[PDB]
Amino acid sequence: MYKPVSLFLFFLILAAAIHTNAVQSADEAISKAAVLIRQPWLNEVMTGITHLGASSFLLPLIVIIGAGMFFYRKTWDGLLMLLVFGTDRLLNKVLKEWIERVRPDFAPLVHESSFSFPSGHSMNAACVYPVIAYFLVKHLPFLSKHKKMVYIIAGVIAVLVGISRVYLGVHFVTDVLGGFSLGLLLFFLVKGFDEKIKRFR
């Protein structure tokens, strides 16, 4: 499928491009430009939003949803969601420790110690929220007339989490795009897998 291949190729192009001075310069300018629109009230809003992409929030979220699905439909798809989440975290950690990009460190509003590329919160969100959308639409019949709106919400949440990492001064735009592309890649792989094994269309 062209979608997952294209996201993979895009990530590779980014992983090369962040080593050019021209991209590094644009990344710094956008990071610093984001500081210009900060207000203390918005700092708080953006910090709350960023928690929607944190592993400590998404793991219990996945378990609660998976449990709800089991009680409602007797499905075990919750384990599939946990599996993709675990793969997402392992992949992000390996890539971070291999690329070793230094954090922006101009004006961070939340503290993070690790390397910055790819962004963990962006990768978490771009994978988990679309995956939740897929399994909720799969299993909750009363959502089948709101399919598009469910996916729109997932996409809005993911985009806002990414924005918040740049706003909050702990990731560059390119860290966020790299994370987005790989999280979406993993969503499409799980979705393609689950649709494949269906015995009825």
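Note that residue numbering begins at 1 and tracks the sequence as displayed.
Colleague: Look up the CA B-factors in the entry and say which stretch, 67-75 or 121-129, has the higher mean.
Modeller: Stretch with the higher mean C-alpha B-factor: 67-75.
Colleague: For the stretches 152-160 and 136-144, which has the higher mean C-alpha B-factor as given in the deposited record?
Modeller: Per the PDB record, 136-144.
Colleague: Quick one: which of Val45, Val173, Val170, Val35 has the biggest Cα B-factor according to the entry?
Modeller: Answer for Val45, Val173, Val170, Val35: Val45, with the highest C-alpha B-factor.
Colleague: Tell me, lowest, middle or highest third: where does the Cα B factor of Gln39 rank within its chain?
Modeller: CA B-factor rank for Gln39: middle third.
Colleague: Quick check for you: using the entry's CA B-factors within this chain, is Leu61 in the lowest, middle or highest third?
Modeller: Within its chain, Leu61 is a middle-third residue by C-alpha B-factor, going by the deposited values.
Colleague: Please say which third, lowest, middle or highest, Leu182 falls into when its CA temperature factor is compared across its chain.
Modeller: Within its chain, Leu182 is a lowest-third residue by C-alpha B-factor, going by the deposited values.
Colleague: Looking at the temperature factor on the CA atom of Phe200, which third of the chain's modelled residues does it land in?
Modeller: Lowest third of the chain for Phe200's C-alpha B-factor.
Colleague: Taking the entry's C-alpha B-factors for this chain, is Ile18 in the lowest, middle or highest third?
Modeller: Lowest third, going by the recorded CA B-factors of the chain.
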